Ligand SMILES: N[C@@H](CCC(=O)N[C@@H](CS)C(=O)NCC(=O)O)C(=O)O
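In the form solved without ligand GSH, a lone chain appears below as structure tokens.
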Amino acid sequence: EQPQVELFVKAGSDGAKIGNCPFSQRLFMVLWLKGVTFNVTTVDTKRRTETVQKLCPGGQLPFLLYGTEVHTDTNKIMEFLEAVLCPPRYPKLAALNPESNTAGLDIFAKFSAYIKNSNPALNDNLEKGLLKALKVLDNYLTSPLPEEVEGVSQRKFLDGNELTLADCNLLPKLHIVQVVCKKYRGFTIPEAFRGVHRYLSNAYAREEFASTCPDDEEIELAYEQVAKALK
């Protein structure tokens, strides 16, 4: 008998819609992939419900209610979920190859530096840094994993042809990178990074990812005071 599973996530600008938060998306995605029956409740952090205040006094977001147990810390929540929702009833989502768990994880810090910088003399250095991080990801994607034995992998995702926890982490981060770089830097992931573009097409084709993305407009609004014009 499945204990009740309810994920509390960041609300967006109207207090109700999906807010910008790659951690909330990461977990919505894990739960979707597990096949478990769950609920998702958005939280307006300036206008919290009484239930939320009692469930999670610390105020952290996302958090999970599992039966009457609360869990904070996205990574720990992810671990918990991978362990308790397990086969036979639910699929193991962990990657087979440990480097799937790290591939592309530096892109986000590179992106953050790029968009926060206002020193024009430093802008091309930061762009190059983000580009090199994307290219290390493009290389991981196009390199055949063991389970595949031209030399260009055609697997759909980071670890193989199925979505794993690893994609649930990276895909929400890459999404923000795309939307915010287009809007504030006029920067686009070069078409020549074909592994990265095949991955994203595959990902946007899957509802687990598409359906759990905040709107562009919300991501853009979230970065409005943080993205700096060069001066």
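All residue numbers refer to positions in the sequence shown, first residue = 1.
Coordinates are absent for 4 to 9 residues of the deposited sequence placed between residue 149 and residue 150. Relative to its counterpart among 91-99 and 128-136, 91-99 has the higher mean temperature factor, C-alpha atoms as listed in the PDB entry. Looking at mean Cα B-factors across 173-181 and 65-73, the upper value is held by 65-73. Within the listed group 206, 26, 197, 48, the record reports its top CA B-factor for 48. Annotation for residue 105: C-alpha temperature factor in the highest third relative to the rest of the modelled chain, per the entry.
In the PDB entry, residue 59 places in the highest third of its chain by CA B-factor. Among the modelled residues of the chain, residue 52 sits in the highest third by CA temperature factor in this PDB entry. In the PDB entry, a CA B factor belonging to the middle third of its chain's modelled residues is recorded for residue 123. Sort the modelled residues of the chain by CA B factor and residue 19 lands in the middle third.
Note that the form deposited with ligand GSH bound isn't included here; everything after this is about it.
Among heavy atoms of residue 29, none comes within 4.5 Å of ligand GSH in the deposited complex.
With a 4.5 Å cutoff on heavy atoms, residue 219 does not count as touching ligand GSH in the deposited complex; it lies far away.
Although the partner is absent here, residue 172 sits far enough away that none of its heavy atoms falls within 4.5 Å of ligand GSH in the deposited complex. Using a 4.5 Å cutoff between non-hydrogen atoms, residue 18 does not count as a contact of ligand GSH in the deposited complex. Note that among 86-94, 133-141, 73-81, 109-117, the stretch whose heavy atoms approach ligand GSH to within 4.5 Å in the deposited complex is 73-81.
Proximity to ligand GSH in the deposited complex, defined as a heavy atom within 4.5 Å, singles out one entry of 61, 163, 180, 65, which is 61. Residues are counted as partner-facing when one of their heavy atoms sits within 4.5 Å of ligand GSH in the deposited complex; in 4-36 these are 10, 21, 23, 24, in sequence order.
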